[PDB]
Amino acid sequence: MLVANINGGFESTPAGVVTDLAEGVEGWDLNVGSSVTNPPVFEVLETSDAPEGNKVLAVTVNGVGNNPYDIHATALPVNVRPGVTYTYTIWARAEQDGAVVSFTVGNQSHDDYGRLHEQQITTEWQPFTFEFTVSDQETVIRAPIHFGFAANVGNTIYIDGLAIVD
């Protein structure tokens, strides 16, 4: 496929705990909000339990901040053409039931093109998919995934297989 995002399945990244949140995982920016006082752990896992390849990203939430994006994994850059309609697809599961995640796509002004908001994540892998249109003149966009929900404290969420395709 003609994919707009880079390293969507983490297959380019060495397994281990991420200590470089900005540049340790090619094609993604991980960050933690200054309001989060019990920080999360991000880890690339090498596993047979992957929907794609053998790597997944595991996000362990230990506490939250003020905003759901205060614990996030954002695909960036996401290279796109104005006016085009894309299909976003990703897989996610959690260690315990009751996890909540938002899968968004938006521009550098932090306006969304679309999202799957506050999705219930279960202990089995499930696909989350939506279409969105680049409705402005942007060519470099981003795909923020929000993990900072109280529901997630004590849980680990696993993501894999992000594809943003024409």
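The numbering used is simple: start at 1 and walk along the sequence shown.
Undergrad: On mean C-alpha B-factor from the PDB entry, just flag whether 101-109 or 44-52 is the higher one.
TA: Taking the mean C-alpha B-factor of 101-109 and of 44-52, the larger value falls to 44-52.
Undergrad: Tell me which stretch has the larger mean Cα B-factor in this entry, 2-10 or 157-165.
TA: Per the PDB entry, the higher value belongs to 2-10.
Undergrad: If you check the C-alpha B-factor for each of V140, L57, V134, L30 in the entry, which is highest?
TA: Answer, based on the entry's C-alpha B-factors: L30.
Undergrad: Could you look up the Cα B-factor of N66 in the entry and say which third of the chain it sits in: lowest, middle or highest?
TA: For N66, the deposited C-alpha B-factor lands in the middle third.
Undergrad: Within this chain's modelled residues, let me know which third the CA B factor of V84 belongs to: lowest, middle or highest.
TA: Its C-alpha B-factor, which the entry lists for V84, ranks in the highest third among residues of this chain.
Undergrad: Could you look up the Cα B-factor of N38 in the entry and say which third of the chain it sits in: lowest, middle or highest?
TA: Highest third.
Undergrad: Determine, from the deposited record, the chain-internal third of the Cα B-factor for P144: lowest, middle or highest.
TA: Its C-alpha B-factor belongs to the lowest third of this chain's values.
Undergrad: Within this chain, which third does the Cα B-factor at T129 fall in: lowest, middle or highest?
TA: Middle third of the chain for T129's C-alpha B-factor.
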